[PDB]
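# Per-entry structural report
Residues per chain, in single letters:
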Amino acid sequence: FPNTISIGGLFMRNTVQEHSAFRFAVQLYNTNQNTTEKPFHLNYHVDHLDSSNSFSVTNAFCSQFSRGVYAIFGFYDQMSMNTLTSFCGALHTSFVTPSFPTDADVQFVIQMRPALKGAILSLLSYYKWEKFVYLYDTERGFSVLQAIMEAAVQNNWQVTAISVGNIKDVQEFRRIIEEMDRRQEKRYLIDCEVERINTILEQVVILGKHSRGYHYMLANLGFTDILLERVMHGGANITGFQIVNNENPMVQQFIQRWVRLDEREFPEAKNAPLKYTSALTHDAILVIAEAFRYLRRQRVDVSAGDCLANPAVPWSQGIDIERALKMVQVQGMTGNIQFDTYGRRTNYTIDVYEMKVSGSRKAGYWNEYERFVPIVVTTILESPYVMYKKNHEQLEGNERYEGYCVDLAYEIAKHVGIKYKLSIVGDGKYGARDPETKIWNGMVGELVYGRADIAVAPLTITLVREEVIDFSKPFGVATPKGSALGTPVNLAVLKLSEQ
Amino acid sequence: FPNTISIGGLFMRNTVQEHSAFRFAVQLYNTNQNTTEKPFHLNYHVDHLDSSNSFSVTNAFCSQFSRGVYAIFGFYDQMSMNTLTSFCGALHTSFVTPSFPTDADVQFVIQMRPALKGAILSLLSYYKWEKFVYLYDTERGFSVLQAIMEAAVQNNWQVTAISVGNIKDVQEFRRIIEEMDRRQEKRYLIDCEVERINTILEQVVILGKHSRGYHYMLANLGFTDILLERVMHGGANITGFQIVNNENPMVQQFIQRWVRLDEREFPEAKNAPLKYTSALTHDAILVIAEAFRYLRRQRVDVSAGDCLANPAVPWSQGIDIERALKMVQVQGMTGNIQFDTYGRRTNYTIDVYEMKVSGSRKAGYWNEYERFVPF
């Protein structure tokens, strides 16, 4: 058994802190005094990628492989995911990565980041969400998207998915929020990188739509690194996830010894919050060190060329190494550590945080077995149907309207048992179709496109409209297609007529 | 100047007609009699690859480079364009391909597929489209998606973009069509591969949404391969684009000699319609041959190392090779062939077809300077 173990390192851009944790964690292992806990020295070879062109990524990997390493620890993103994953599998070299888990199962890579699809789905059922907006990108895989859309069919939800992956101008973000606001959408499910989430919820506050009613779910680990001071002032609910618990004694010891380090040797150490990826980076050394300690106990023999060789014959000890790495069980900084056959984390735990005006609070945990143990009415102005009261300037609310229709709306609401907020269509027309643009206008246009629920007004009944919206019997009021207020209002007017 | 010129091939799966067309075009050039038009012999080292991996793709490319080639002609999909494009640009080896044009500006890549951004935008403004449903997938870059979104903000459109690139169960397609119809959406703009377009148009006819009133604009240069006979009879409106014109004397001559070929040595000949990608493959051999003849006439020095080397030393003469290939002006099947500084074609002649009950009808043509001119 070699007296020293060499492992590779591949760090992409904007990962300076993770580099410090990688260096710090290795130092802690080396400085240990007990012979049993430190049976061999540990070395490492760092390298920086570009993640833009596969020539740089391929060259960097071959430099590491040719030099001679046992395992490789590094990050990858969408562009360079395929190059590193494919090379590692063919050459029989493990790859301990804290990056997002791969969508398709693959061998010889162990991804130590818990998935969220299970946690998200349970919370959606817990809050009983039926319709909402879903903003997403493709910087972390399609796994979450393919589960939300698949679950919508089985539960008959009304998800409205939007892809904001390629948006580069804040105008698109503003229009998306405004357009979905017109449809009375109060629930959003933001699943994007940290930078995008900051931009998205910076637009909501400028638009001033962080009031009491709206609820936001931030499906992204790293709930600490999201600016939330401004949004929470309005009172809008917010929900996030975390895996690093500050009350665990292990994190407290690491954090206590992590802030006293010299700045020059370990940049961005003391005056910066600790990203969860730093916690995963520290854990990786525990997993790799533990795996090699086991390999030493069993007296398993272990001991390079160039990547592109025909035929590509891999060194036979690779299978043993990954088996050891996929069997360890260590109580790490992020909780229990256990890997299944394909290398994904299992028996993990996510802590959900429901943060309020006073501050963040822990609202429960999501174990893998115990899952999450804790009307606007449109109308047009036409006397005597709807008219302004004697003094509409002083009055506020729907108390400034007086006429025939407002009386009818009150009677219908009382029968059904709802609350109505009278609104005036700004177009000023009953409704018609433009022959060239095929765009409805007026009351029917608003009613069809989901901007209203019922429409009490002198809306003449005709064949053209009846094909688009469901009227009631003549008195007729209108409702969207498939709305649940169709039958109750139809009977309400019929019984009113009989009296 | 060498007595013979050797190039390479890189064909992925679902590519048989193009492979036979690539062989036929080379044979056509080699068998010519006029010594002025056939100064040098041409050869190829065709090789197949699997894009699903990135270890076999680079392994196949490095074998081509080590063998020694002057230019490489091959295809690439979304998940393997980075490896091919990046290696070529770093080792100074041109790459003539008929596949989809790249989103970014990259050198040492010559693309023979005309873009569709201009044609779609002009048609949308000509038909007064201000409320449509944009179904799309990302198998051919995001170039079209950005153009539509940027145009919508400027022109104040209302686009409901839905990504259908990751749908395997047809029930999802049914829900999308049913819901969008509930909002009174009559105009669609389907931008997907040929296989997916067939699936979508299959669900439309089953649902009975193919009657008069609905307008479908198939944004793909494959109008001669979409199975839409059923929708034709329904009465809906269909619009499509094409680049290959059957009245061109060159097209007619090639097809006359195309169907007479052997059915075993040249598979997919005399059996299936000539996919437009086969036309681009024939034009690629026109461009490669013409560019190298020009170099021989001008008395330029052209005349292999390891695939990967820490000192990246490119060819000294590879700038000349890819400079000549971008000056060509050779009339071919797809109209005028002429490249700009980035390897993207210029002076297109995109052709618009509108289909009626009688049959497909020439509705007009779109040009970069004259935009859309109907007749």
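Its PDB record attributes the structure to cryo-EM, giving the resolution as 3.35 Å.

### As for the packing of aromatic side chains
Under the criterion given, the structure shown has 53 aromatic pairs over all chains. On the basis of an interplanar angle of 85° and a centroid distance of 4.9 Å, the ring pair of A:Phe55 and B:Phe87 is categorised as edge-to-face. Note that A:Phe55 is positioned in helix α2 (residues 54–67) and B:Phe87 in helix α3 (residues 81–91), a pairing that runs across two chains. We note that A:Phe55, like B:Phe87, is buried. Within the aromatic cluster, the residues linked to one another by ring pairs are A:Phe1, A:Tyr29, A:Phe40, A:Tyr70 and A:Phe292. Positioned above the aromatic ring of B:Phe266 is the side chain of B:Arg23, whose terminal nitrogen or guanidinium carbon lies 4.8 Å from the ring centre. The side chain of B:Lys131 reaches across the aromatic face of A:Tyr449, ending 5.0 Å from its centre.

### Here's the deal with the UniProt feature "disulfide bond" in chain A
With a threshold of 2.5 Å on the sulfur distance, the UniProt-listed cystine of A:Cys62 and A:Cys307 is realised in this model at 2.0 Å. Each member of the pair, A:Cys62 as well as A:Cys307, is classed as buried.

### Some remarks on the pattern of salt bridges
Residues and elements named next belong to chain B. Summed over the entire model, instances satisfying the criterion amount to 14 salt bridges over all chains. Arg 344 is the partner of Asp 105 in a salt bridge, and the nearest nitrogen-oxygen pair spans 2.5 Å. Between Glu 179 and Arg 182 there is a salt bridge, with the nearest N and O atoms lying 2.8 Å from each other. Of the two residues, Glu 179 and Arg 182 are both situated in helix α6 (residues 170–182); the distance of three residues between them amounts to about one turn of the helix.

### Comments concerning the state of the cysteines
Across all of its chains, the model carries two disulfides over all chains by this definition. The residue that forms a disulfide with A:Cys62 is A:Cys307, at a sulfur-sulfur distance of 2.0 Å. In this model B:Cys62 forms its disulfide with B:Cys307; the gap between the sulfur atoms is 2.0 Å. One disulfide, between B:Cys62 and B:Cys307, carries an S-S torsion of -60° and so falls in the left-handed class. Accessibility classification places B:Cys62 together with B:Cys307 in one group, the buried group.

Conventions used here
- Residues numbered from 1 in each chain as written, not as in the entry; some residues may be left out.
- Chains lettered and ligands numbered in written order.
- Heavy atoms only, no water.
- Residues with missing side-chain atoms left out of burial classes, pairs and counts.
- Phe/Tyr/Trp six-rings, centres within 6.5 Å; stacked < 30°, edge-to-face > 60°.
- Helix = DSSP H or I, 4+ residues; strand = E, 2+ residues; numbered from the N terminus.
- Buried < 20%, exposed > 50% of the residue type's maximum accessible area, 1.4 Å probe, protein only.
- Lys NZ or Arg CZ within 6 Å of the ring centre and 35° of its normal.
- Disulfide = S-S within 2.5 Å.
- UniProt positions renumbered as here; feature names shortened; annotations may be inferred.
- Salt bridge = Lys/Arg side-chain N within 4 Å of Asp/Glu carboxyl O.

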